[PDB]
Amino acid sequence: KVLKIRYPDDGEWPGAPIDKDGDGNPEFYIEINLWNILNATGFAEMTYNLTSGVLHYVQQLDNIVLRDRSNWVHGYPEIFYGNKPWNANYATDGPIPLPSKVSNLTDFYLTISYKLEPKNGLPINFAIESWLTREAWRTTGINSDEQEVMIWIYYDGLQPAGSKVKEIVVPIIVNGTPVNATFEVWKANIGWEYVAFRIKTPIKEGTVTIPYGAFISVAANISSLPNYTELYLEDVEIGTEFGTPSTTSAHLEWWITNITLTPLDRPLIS
Ligand SMILES: [Ca+2]
Ligand SMILES: [Ca+2]
């Protein structure tokens with residue numbers, strides 16, 4: 001048994017739950033999410049092997065035209081845990097109770113094993129993203145007084161939105177080795193507040209572990225938003241943004257072979 005979703009054959013917005021114990025509460029949810037592609041030729045397909053646990057993405061898209069060039073990237077094919085606030089999809093069968101208020105959450109490690117193969121110079125990142133919203137069970141998008149936080153652990157040729165704030169150093173684990181890694185902190189106004197942490201030494205494949213609160217505490221600390229502790233950390237999404245307006249061909253393959261969220265006995269926001 002292999003779960004398969006495919007653009008364009010399954011429609012504009014292919015996606016599916018991953019629900020191992022068939023309890024109607026998925027452990028994860030996957031989406032091809034070509035959200036700024038207006039038209040393209042070719043296909044993108046994601047499969048999830050229900051026995052090996054391997055998620056594999058193959059994308060061969062050409063003649064790409066974007067919905068809105070100012071939104072810059074083409075899409076973000078991804079797997080996520082929690083409530084994704086832009087639609088009715090969710091996955092909450094896991095150890096971290098997302099969505100919950102930031103002020104109520106425990107810290108946790110996020111560990112991902114993956115391997116990226118962008119082709120032909122394609123601008124891409126591998127980025128973890130969370131939305132922070134005033135409503136826990138939002139399904140209709142994001143307002144100007146809410147936040148998006150991204151953590152980029154790989155990039156080539158893509159830059160985050162907005163402007164550079166500072167650099168921080170965060171203890172992470174890369175392929176089993178503790179490393180004090182430097183991230184650039186970027187902050188933008190793009191319809192809501194955006195904060196991205198772009199690592200300075202990108203990791204194209206392997207197993208990387210981050211302490212999630214190191215990043216959410218900085219995003220809180222630098223926010224312009226009012227009543228930040230009212231916000232719900234909705235989800236943790238993991239995927240690859242790819243393309244810029246210079247890109248008309250985007251061929252990419254990747255694999256994610258494990259995602260683990262590990263609770264810690266300390267608050268999320270330090
Ligand atoms: Ca389930
Ligand atoms: Ca949702």
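The chain is numbered in sequence order, starting from 1. We count ligands from 1, going down the list as the structure has it; atoms in each ligand are counted the same way. Every heavy atom of this structure was used, including side-chain atoms; hydrogens, water molecules and symmetry mates were not.
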Might you work through the ring pair (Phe, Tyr, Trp, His ring centres under 6.0 Å) test for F197 and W186, ending with a clear yes or no?
CA-CA 6 Å; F197 298 92; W186 288 75; over 10 Å; no
Report task. Could you walk me through whether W35 and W72 pass ring pair (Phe, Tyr, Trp, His ring centres under 6.0 Å), step by step? Result -> CA-CA 11 Å; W35 61 261; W72 193 254; over 10 Å; no
Practice item. Go through the steps for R198 and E184 under the test salt bridge (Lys or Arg N to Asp or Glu O under 4.0 Å), then give the verdict. Key: CA-CA 5 Å; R198 185 172 67 175; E184 295 187 347; 2.9 Å; yes
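By the ring-ring contact (aromatic ring centres under 6.0 Å, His included) test, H251 is found to be paired with no residue, residues two or more places apart in sequence or in another chain being considered.
Below the 3.0 Å limit, the Ca ion (ligand 2) has as protein N, O or S neighbours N83 OD1, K84 O, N87 O, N89 O.
The nearest N/O/S atom of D93 to the Ca ion (ligand 1) is OD2. Of all N, O or S atoms in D23, the one lying closest to the Ca ion (ligand 1) is OD1. With respect to the Ca ion (ligand 1), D19 has OD1 as its nearest N, O or S atom. When you scan the N, O or S atoms of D21 for the one nearest the Ca ion (ligand 1), you land on OD1. Note on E27: its N/O/S atom closest to the Ca ion (ligand 1) is OE2.
Taking each heavy atom of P226 and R134 in turn, the nearest pair found is O-NH2, 2.6 Å. Between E135 and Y232, the shortest heavy-atom distance links the atoms C-CD1, 3.7 Å.
By the 6.0 Å contact criterion, CG on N189 is open, its count of non-hydrogen atoms from other residues, nucleotides or ligands being 12 or less.
In this structure, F28 has its ring center no closer than 6.0 Å to that of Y48.
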